[PDB]
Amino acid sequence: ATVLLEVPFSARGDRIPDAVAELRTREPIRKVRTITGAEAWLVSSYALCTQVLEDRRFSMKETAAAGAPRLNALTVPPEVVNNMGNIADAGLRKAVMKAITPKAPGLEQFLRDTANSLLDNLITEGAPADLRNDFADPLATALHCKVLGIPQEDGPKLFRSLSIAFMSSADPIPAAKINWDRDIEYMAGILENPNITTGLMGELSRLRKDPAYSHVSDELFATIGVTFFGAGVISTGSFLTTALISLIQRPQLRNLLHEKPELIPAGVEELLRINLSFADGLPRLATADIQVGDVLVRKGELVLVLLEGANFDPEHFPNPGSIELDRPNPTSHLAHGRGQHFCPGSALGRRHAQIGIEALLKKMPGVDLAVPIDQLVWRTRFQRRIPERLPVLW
């Protein structure tokens, strides 16, 4: 007698478990138990992952319903799970999306200067350096302060909520509520701060006093600040970190990108595709009875869309484990999801990674791990897979 298969399989973000391919072949939708004890359907083929993400009857919003089977505990108010819907309903969709493009004047140069300044300080200090805590995450944090229009010096305390805010927990987390409420108060103060005129918060500040948005709540405006900061910083910092591992472990690739940096966009797209940053399947709740492969998913059941399931599917991406800069379908991966909830920061994230890698390869062309790869400490019960420290030398 064995128990029902448990998810997630491994918190290690540097390699995919052999088990994923075996499951995809045998049972590309199959029943699993989450950390809460809930049952769920784990979907692991490209075809079935795409089907679920593209069918809105597999609802994100309804995952927050009281009494639903849960992947993990809410770390935000239940109405905040439908944040993008709330944004759209408030007529704020176009403005939010415009404010988080990497195309804003000066932004890319700010990114490059910031990356270069972080790297110079590591160089000055001498190897070993921690590329997560002292490069990737600070770069992510600086980027999102600039994108939000908020002071850089406020970034670190906001950042420090995230090790808790993005926990994947069986039970509610008291600290998450403390940090949430505090971070909300900060963003509400920002909207009242006349010095804040640029970026997302500057724009929301103005829209908040525009008559065309008079009956949009202050709660929604502050929520947008907290959610976009947290999602952006955690996602870009975590992605860049694990992409750096994948690069460092492929010196031939590292050298080619150092040699031909115009291939970096193609490289970052592949690093996105193979990225194991998302620790859990994307949760959705069936709002109807829906056939998914050989399984009739019943209304009220939880479905988990395993991103690496899709992204390493050899039917869609032949030789899935190899980075190939000339695939015919390079952006057709699901690293930024798909459908209604496709990542609004995908371009900004792509650019954070491109610029951080560009700068790292220039300043540290000899970059290598300073510890054997198995020594990396992978964060557990978290919504991302990340090494606690990423020690490198150069």
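Numbers follow the displayed sequence, beginning with 1.
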Between 347-355 and 37-45, the record assigns the higher mean Cα B factor to 347-355
Once average C-alpha B-factors are taken from the entry for 12-20 and 378-386, the winner is 12-20
Highest CA B factor of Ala310, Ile196, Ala279, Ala140, as deposited, is found at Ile196
Comparing C-alpha B-factors across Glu185, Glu301, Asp134, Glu324 in this entry, the winner is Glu324
Split the chain's modelled residues into thirds by Cα B-factor; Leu360 lands in the highest
Assert third(CA B-factor, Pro328) within chain per record equals highest
Binned into thirds over the chain's modelled residues, the C-alpha B-factor of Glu27 lands in the highest
Temperature factor at the Cα of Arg284, chain-ranked in thirds, falls in the lowest
For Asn179, the third of its chain by CA B-factor is the lowest
